[PDB]
Each structure stands twice: as C-alpha cells, then as structure tokens.
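Let me begin by presenting the structure, written as structure tokens, before commenting on it.
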Amino acid sequence: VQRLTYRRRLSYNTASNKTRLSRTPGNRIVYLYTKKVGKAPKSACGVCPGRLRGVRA
Amino acid sequence: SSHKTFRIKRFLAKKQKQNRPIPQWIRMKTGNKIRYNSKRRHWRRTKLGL
Amino acid sequence: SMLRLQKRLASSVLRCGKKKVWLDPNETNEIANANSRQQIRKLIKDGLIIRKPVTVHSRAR
Amino acid sequence: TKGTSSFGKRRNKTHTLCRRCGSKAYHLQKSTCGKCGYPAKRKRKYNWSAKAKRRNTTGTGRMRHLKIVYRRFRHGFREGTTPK
Amino acid sequence: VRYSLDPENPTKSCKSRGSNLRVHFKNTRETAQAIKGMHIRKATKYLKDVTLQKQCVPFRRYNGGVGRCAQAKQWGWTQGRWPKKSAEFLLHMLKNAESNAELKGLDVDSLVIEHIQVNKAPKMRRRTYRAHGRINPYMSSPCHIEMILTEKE
Amino acid sequence: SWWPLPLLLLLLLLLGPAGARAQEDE
Amino acid sequence: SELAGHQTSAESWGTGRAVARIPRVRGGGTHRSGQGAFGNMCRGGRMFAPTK
RNA sequence: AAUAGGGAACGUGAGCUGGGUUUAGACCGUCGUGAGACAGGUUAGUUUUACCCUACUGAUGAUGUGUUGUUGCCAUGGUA
RNA sequence: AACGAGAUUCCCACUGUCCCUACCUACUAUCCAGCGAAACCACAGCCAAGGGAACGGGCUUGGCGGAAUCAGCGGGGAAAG
RNA sequence: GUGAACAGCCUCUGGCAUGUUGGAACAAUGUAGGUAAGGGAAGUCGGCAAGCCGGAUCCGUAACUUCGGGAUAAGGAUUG
RNA sequence: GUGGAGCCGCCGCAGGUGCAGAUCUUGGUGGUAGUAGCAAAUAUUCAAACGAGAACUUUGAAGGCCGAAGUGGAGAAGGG
RNA sequence: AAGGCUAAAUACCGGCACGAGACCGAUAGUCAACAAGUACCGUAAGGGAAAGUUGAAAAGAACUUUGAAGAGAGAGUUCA
Ligand SMILES: O=C(c1ccc(-n2nnc3cccnc32)cc1)N(c1ncccc1Cl)[C@@H]1CCCNC1
Ligand SMILES: [Mg+2]
Ligand SMILES: [Mg+2]
Ligand SMILES: [Zn+2]
C-alpha cells in the first residue's frame with residue numbers, strides 16, 4: 001500500500017539498478033540497492049559446469 | 001537538465017545576472033535615453049537555445 | 001490571511017497529506033504568525049493543528 | 001502526424017557551442033563546426049556571402065593587441081623610455 | 001488641461017475629467033447620452049438602478065445585434081442593455097464632480113450635467129490564437145471622459 | 001513605471017493555398 | 001549608393017496567397033520578415049537608376 | 001379515375017448524397033521496342049464559410065388623429 | 001481448405017433505413033455582466049420587360065418606395081477562398 | 001470489492017475545483033445519448049448507421065479439407 | 001488662426017521634378033462590430049476571515065470526481 | 001635560349017588617419033544618426049529590424065482637495 005520510489009537518479013530497472021527492499025528501524029519500507037550475484041570459478045579442462053568449491057563465490 | 005557540464009552553468013550564470021532592471025539613478029544622468037532594459041529575457045517568451 | 005504555507009508545513013510535520021491536516025478556524029491570525037517549523041510544532045501540542053483521522057472503509061459487508 | 005504531433009520528439013540536441021567561434025554550431029556527431037569549421041587549422045570563410053565576413057572580419061571585436069600596434073606605429077616603435 | 005466648449009458661466013460651474021481609463025467606449029458613449037442633461041441627484045440615483053437592472057440604458061447608434069428589453073420604453077426605444085461597469089466608472093466621477101463643486105462653494109443638490117463627451121483613447125494590444133497557425137489581435141478601447149456641471153438658476 | 005516589453009513581429013509560417021485541388025475532369 | 005538594397009537575400013513569393021508579385025524578404029522572427037524588398041517601389045529599396 | 005408532355009443558368013451542392021465521373025494506388029485486355037495511352041472494363045478514393053446586404057419567414061415597431069384605453073369599419077394582399 | 005477492418009449477390013433473425021414522424025434529456029444556440037476578433041468591402045443593395053459584351057442594382061418604360069432593429073433562413077449578390 | 005483479469009464499475013491512501021468565465025430561460029436548427037404501436041429494407045448506388053447475438057456449465061455440432069481444421073459452426077437448454 | 005527661425009521673387013544652370021489605380025511597398029484607420037464567439041473529459045454549495053472591493057484567494061463543514069497501466073509519489077531528456 | 005637579381009613611371013570598395021562635395025536629410029542616406037550586425041527567428045549554414053527632437057534653464061508641478069490607487073479639480077514654474 002506504501003508506494004516507494006528509487007533513491008538514485010537512474011529511473012530504470014537496468015542490469016545494475018536491481019534491488020531488494022527492507023524496513024528500517026524507523027519502520028518505513030525503504031528501497032535498498034544490492035550488489036550483483038557472484039559466480040564461483042569453473043574448473044579447467046572441459047569437465048561439466050557447476051563450479052568449484054572451497055572458495056568464496 | 002540537472003546533469004550539466006561546467007561550461008553550461010558558467011554560461012547560464014551570465015544570462016541570469018543580466019536579466020535585471022536598470023537602476024533608478026542611471027535614468028537621471030546627463031544625456032541618456034535608455035529608460036528600461038530592452039535586453040530583458042523572460043523564460044517563456046524567448047529561450048536562450050543552449 | 002493566507003494560510004497555505006502553514007498548510008504545507010504542517011503537512012510536512014504530521015507526515016500526512018494536505019487533506020488530513022488542520023482543524024480549528026478560531027485562532028487563524030495566531031497561526032499566521034507561525035512561519036518557522038519550530039513554531040508549527042508548538043501549535044500541534046497546543047491543540048491547534050490536529051490529524052483529523054481516516055475516512056472509514058469498513059470491510060464488514 | 002507530420003506536423004505538430006511530430007514536433008514533440010525534439011528532445012535531444014545536435015548543435016552545441018564551439019570553442020573557437022562560440023556559435024552553437026559544433027555538430028556533436030561530426031565533431032566539426034558550422035561557422036569556423038573547428039578542428040581544421042584555417043578559418044572557414046567564403047566569398048559567396050559578403051555578410052558572413054561582416055560578422056567576423058578584423059575590426060568587429062575588441063582588438064586587444066591591434067589597438068596598440070596602430071598606436072605604436074606612429075613613433076617608430078621606440079624602446080628608450082622617456083626623459084625627466 | 002483643455003476642454004471642448006468651456007462653459008458659459010465659469011463662476012458657478014464645476015468641471016471634471018478622467019482619462020485613459022479602461023472601459024468599453026461604445027458602452028460608455030450610449031450611457032453618457034442617457035444622462036446628458038440630467039439633474040445630478042437624479043442621475044446618481046439613476047446609475048445605481050442601472051447596475052441593479054432596475055432601469056435600463058438604451059443603445060441608439062451603437063446597437064448592432066443588441067437584444068431587446070422592456071425597460072427601454074421609458075426612453076421611447078426598443079433596445080437596451082445594463083452596463084454595470086460603464087455606468088460604474090462615471091458613477092464614480094459624479095463623486096469627483098461634486099467634490100470640486102463644494103470646494104468652489106456650490107450647492108451640489110442643484111447641478112445638472114450640462115456637457116459630457118466620451119472619446120477614444122489609444123487602444124492597447126494583445127493577441128489571440130486562431131486556426132491554421134495564425135495570430136489575430138485582441139485590442140481594447142479605453143476612453144476619455146469629460147464633464148461640465150452647471151446649475152440652472 | 002515598468003519598461004515596455006514584447007510586441008515582436010508575428011513571423012507567421014506560410015500555409016497551403018486553396019485547400020483541396022479539386023478541378024474538373026471534363 | 002554603391003550597392004543599396006541589393007545587400008539583401010530575397011525573392012518573389014511566386015504562387016498565390018493574395019500578395020503582389022514583388023520580391024519578399026525571407027525568414028521569420030523580426031519585423032522585416034516578409035516585406036517588399038528591392039525595386040524602386042518599396043521601402044528600403046534600390047532607387048531607379050542608381051546613379052553612377 | 002389517370003399513371004399526360006414539359007420550362008425555371010440541361011431549376012435545385014456556402015441544401016445533401018459521392019454511386020458514376022474526373023487527379024495521385026492498382027489489376028486485366030488491346031496497341032507501342034519503350035515511357036505510356038484507350039467516350040475500353042474494374043476496385044480504393046478530404047465536398048470549406050454565412051456573423052454581411054437583400055429576398056423571405058416570423059418578432060418589436062415608427063408616422064398622424066392633443067395624451068391613453070375599449071369596441072369597431074375595410075382599402076389592399078392571399079384564398080381550397 | 002484455413003485466412004482477409006478485401007470486392008459482389010441472396011436468405012433467416014433484427015431494427016425509426018422507410019410508411020411517418022413524434023417525444024425526452026445533455027451541452028449549446030437565445031437574453032444578460034465582463035472581455036471581445038476575422039474573412040470580406042468601387043459605390044451601394046426592391047422587382048418585370050426592353051436594349052446592351054445577346055442573364056442589370058444603377059440606364060429606358062412601367063410597378064412602386066417610410067425610420068430604426070431582433071431570431072432564423074439559404075433564392076440571389078454570375079457571393080467569399 | 002466484484003470478476004478469469006493490471007477489463008469495466010464503486011470506494012481508502014494521495015490529489016483536484018471540472019479544465020481561458022458566470023447568471024436567467026427551456027424557441028428553431030444542431031452536436032452527443034435514448035426510446036416508440038402495426039409492418040420489417042418497402043429506404044437506399046449499397047442493411048450506410050443502428051439494432052439483435054454476446055458471460056458460463058451440460059447437450060449438440062454439417063458440407064468441405066492440405067485430415068491440422070472447419071467450430072465458440074449452426075441449433076437447443078440452464079442460471080436468482 | 002495657430003507656430004517659433006527661417007525664406008522668396010526675377011536671369012541663367014542642374015535634376016533622384018508632379019500620382020488615383022501596379023491582387024503596388026511601408027505606416028495608419030474604418031464599415032463588419034459590441035457581432036462570431038469565451039460549449040471535449042459529469043458539479044458545485046453555505047458561512048467565517050483578511051480586505052475600499054470577494055462566485056473564482058485562504059479556512060472550515062457538506063456534496064463530488066481522478067481510483068494504484070491514477071488528475072498519486074519520484075526520475076532521465078529538455079527548460080534555466 | 002633552356003640560370004639569377006633590380007628603384008621610378010603603375011594598381012588600391014580592406015585598414016590607420018585626414019580634406020572636400022551644383023550629394024541624401026529619419027519610409028531618405030549603408031542594414032544601423034539612438035544599448036545595430038543589437039533585439040528576435042532557424043537545429044544549422046544563414047536571414048535580420050523598428051527606433052532622433054521637452055525647454056534658454058528642469059525651473060520635470062512643492063502644496064490644498066475628492067479617490068484605495070489609475071486619475072482629477074484648485075495652486076505653482078516658464079515666453080508657451
Ligand atoms: O481542416 C481541414 C481543412 C478544411 C478546409 C480547408 N480549406 N479549404 N479552403 C480553404 C480556404 C481558406 C482556409 N482553409 C481552407 C483547409 C483545411 N481538413 C480538410 N478537410 C477537407 C479537405 C481538406 C482538408 Cl485538409 C481536415 C481534414 C480531415 C478531417 N477534418 C478536417
Ligand atoms: Mg375583412
Ligand atoms: Mg522616421
Ligand atoms: Zn566553431
């Protein structure tokens with residue numbers, strides 16, 4: 001019910017302006033700009049995808 | 001435009017300072033005939049064009 | 001007797017629209033002395049600008 | 001759809017102001033100028049319009065350094081300063 | 001300033017004038033003709049009843065398409081209209097007329113409006129907006145008015 | 001006592017003459 | 001006058017539009033925008049027999 | 001009862017309708033090397049203004065009988 | 001065959017398209033307060049016949065002709081563009 | 001909220017003074033919207049415009065076909 | 001009559017020497033004319049206030065519409 | 001001859017200055033006698049105006065009066 005707007009001066013939903021939204025301690029549902037999703041390293045030498053483990057994606 | 005290069009808002013700052021009337025003392029000098037500023041720009045009738 | 005500045009600023013300190021704000025046409029020149037917001041917050045506590053709450057939209061039917 | 005409904009899509013500029021003549025004639029897509037023809041070394045003037053020289057010949061502006069060469073001439077360009 | 005037909009007896013006659021004021025000219029011409037030769041405290045009570053639509057004003061020369069009304073028959077005419085701005089500027093001037101008559105020491109309840117003429121002022125301009133991208137002008141027509149007030153005695 | 005302003009030339013754009021061409025097949 | 005009135009780019013309007021066939025100046029904007037250009041008839045015009 | 005012939009700028013478009021004509025699209029036939037053409041056939045195709053004068057339909061009226069009202073006369077016009 | 005704001009014919013159903021128009025409402029138009037343009041315009045604007053550039057408003061011979069105007073009208077002004 | 005729906009329609013949050021003016025009256029012509037007995041294209045170049053049918057469930061669905069279609073063909077019923 | 005600083009006869013000379021028309025150029029003004037018009041998106045009403053002045057400004061009360069693909073909230077471009 | 005220089009006599013609608021005119025005298029003369037290649041138009045090349053005068057001296061109307069003011073009516077300056 002509480003319509004909420006962008007906070008940065010890019011008014012599109014492009015590849016880098018995509019978010020989540022959270023509620024502050026001042027209980028206004030605000031609009032929070034998130035990082036993109038990391039991807040883990042895939043193995044060398046032609047094995048199936050699904051990336052490595054042990055490392056921080 | 002809200003995203004203006006610095007050459008523009010030192011071009012706009014000249015065209016704001018001159019949109020301003022004659023002072024009333026200069027219509028009392030010896031030998032003038034200007035009585036109102038005729039280079040006054042109003043922002044709807046006549047636009048700068050950049 | 002222009003009250004439109006006081007109508008805007010009270011609606012920016014009640015966190016409401018222009019519709020909701022402001023009862024009490026008695027003290028009307030008195031609130032025309034209130035220009036800063038730290039006079040317009042004293043008038044709420046004194047009871048001269050109230051919230052005038054929401055039109056009821058009962059779902060009982 | 002030819003006239004006033006299609007003057008609504010005049011939203012983006014083409015000619016901005018040049019740096020050598022200051023004309024609003026610098027064509028951004030071509031990066032040259034309309035009056036002076038900016039990045040070429042000379043100054044674009046033409047004899048097929050005798051008014052377009054009258055706007056920009058010598059003697060239309062300030063002449064910060066020819067109001068003195070005209071003045072310095074009539075004494076033979078001295079360097080010894082003055083008596084006292 | 002200078003009037004037309006400066007009055008026959010300047011000792012006992014008041015005068016008044018207003019210039020470059022924005023009324024319509026045609027609505028002012030044909031109401032200054034209705035009171036031309038009217039006693040002042042009857043004309044004052046007249047021009048109230050013009051604005052209240054209780055007593056009309058006939059249009060005589062300037063009546064192109066002006067509709068008909070029933071209060072014109074007091075004047076012997078078949079046309080009329082009730083201009084409550086035209087008859088409200090020169091209602092104000094009768095106040096200006098009687099202000100100069102008491103300053104010259106005259107009984108203001110004994111004056112008539114001897115002379116009155118309405119003539120045109122320089123028309124001020126603006127513009128309208130017509131079909132196919134043309135401009136056609138709005139122009140006003142302000143008026144000059146002028147009255148001499150003489151008693152009959 | 002404001003100074004005089006505007007009153008610029010109209011400079012109206014030319015439009016089309018005689019509307020529809022019409023004419024006679026004859 | 002060395003060259004009076006010809007220092008102006010103008011032409012006849014040509015077609016109808018209920019105007020005389022005198023050359024008219026071009027453009028828009030200013031007052032002198034559609035007026036009658038050169039010719040002995042017109043205001044601001046080259047005189048007949050510009051004297052030599 | 002009879003389904004007579006006409007005229008009024010081949011009455012009548014600031015009254016309409018746009019079917020056929022009579023622009024630009026297009027197809028077919030014939031002719032032309034060709035562009036194109038054809039009282040040859042076909043489908044698709046922007047119809048502007050009246051607020052001016054007169055005419056006319058109505059509506060107030062003006063003259064003169066001192067002023068105002070009531071009841072009437074009929075010149076002329078139409079006419080089924 | 002399917003398809004088409006494609007072109008043509010006919011039927012069933014439906015209806016003011018018609019017989020034959022009628023009534024109602026809305027925004028107007030109309031009257032009023034305030035503001036108030038334009039196109040157009042030799043002079044202007046009553047007809048019949050004759051003559052004439054062979055189809056007059058004006059001339060000729062007749063008919064005749066009372067101020068000022070309001071709402072409508074499309075006959076004319078071989079109207080205006 | 002209804003409903004299949006971000007359709008349409010009524011409302012809350014949030015807007016707004018009805019779009020460059022107001023008042024009186026309810027003539028014609030108009031512009032936009034409705035109805036109408038009996039007949040049902042007779043109108044008209046042409047069913048132009050308008051109207052009828054229109055949602056769902058359960059039945060029923062032909063000629064023809066490139067076997068995909070046709071098809072929601074048509075044609076009935078039911079609904080609170 | 002207005003007006004306040006120049007001007008004319010005769011003899012010669014020299015012309016950018018005379019306007020009613022050019023759908024003439026430029027400036028000015030009329031008849032038209034207080035006329036066409038100020039009619040797309042439903043709609044305003046009462047009192048109080050400041051005011052010389054209130055249908056239109058503000059305030060309140062009431063009746064309204066936009067009705068979450070808004071007559072709402074924020075932007076990019078453009079405007080300065 | 002297939003190599004070279006060189007003063008005067010000559011040309012000058014750009015400029016820096018000048019002088020004069022059987023010139024034009026604010027719709028003329030340049031486009032410009034004045035804040036003119038300025039206002040303003042066009043995306044841009046480019047197109048591009050209208051516009052002189054109070055008086056000797058501003059002595060440019062203090063003041064009284066009706067109006068909220070625009071504006072008056074008295075008074076005052078000056079030869080007007
Ligand atoms: O607006 C016009 C329009 C109407 C008349 C004129 N004319 N004709 N002669 C004239 C003389 C002076 C002035 N104007 C004139 C010009 C244009 N339209 C239009 N109508 C019919 C034919 C051509 C057109 Cl373009 C549109 C078209 C689409 C539907 N709505 C109307
Ligand atoms: Mg009888
Ligand atoms: Mg002049
Ligand atoms: Zn440049």
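We label chains A, B, ... in the order they appear in the structure tokens, count residues from 1 in each chain, and number ligands from 1 in the order shown.
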Contact residues around residue 72 in chain K with only C-alpha atoms (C1' of nucleotides) at 10 Å, ignoring same-chain residues under 5 positions, as a VMD selection string: (chain A and resid 3) or (chain J and resid 13 to 15) or (chain K and resid 66 to 67)
Within 10 Å of ligand 3, counting only C-alpha atoms (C1' of nucleotides) and all ligand atoms, residues as a ChimeraX atom specification: /L:26-28,50-52
Within 8 Å of chain F: residues of chain G, using only C-alpha atoms, as a VMD selection string: chain G and resid 16 to 17 27 to 31 33 to 34
Env. residues ligand 4 / 9 Å / only C-alpha atoms (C1' of nucleotides) and all ligand atoms / as a list in words: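 If we count only C-alpha atoms (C1' of nucleotides) and all ligand atoms, the neighbours of ligand 4 turn out to be residues 17, 18, 19, 20, 21, 22, 23, 24, 25, 26, 32, 33, 34, 35, 36, 37, 38 and 39 of chain D.
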8 Å contacts from chain L to chain D using only C-alpha atoms (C1' of nucleotides), as a list in words: residues 16, 37, 43, 44 and 45 of chain L
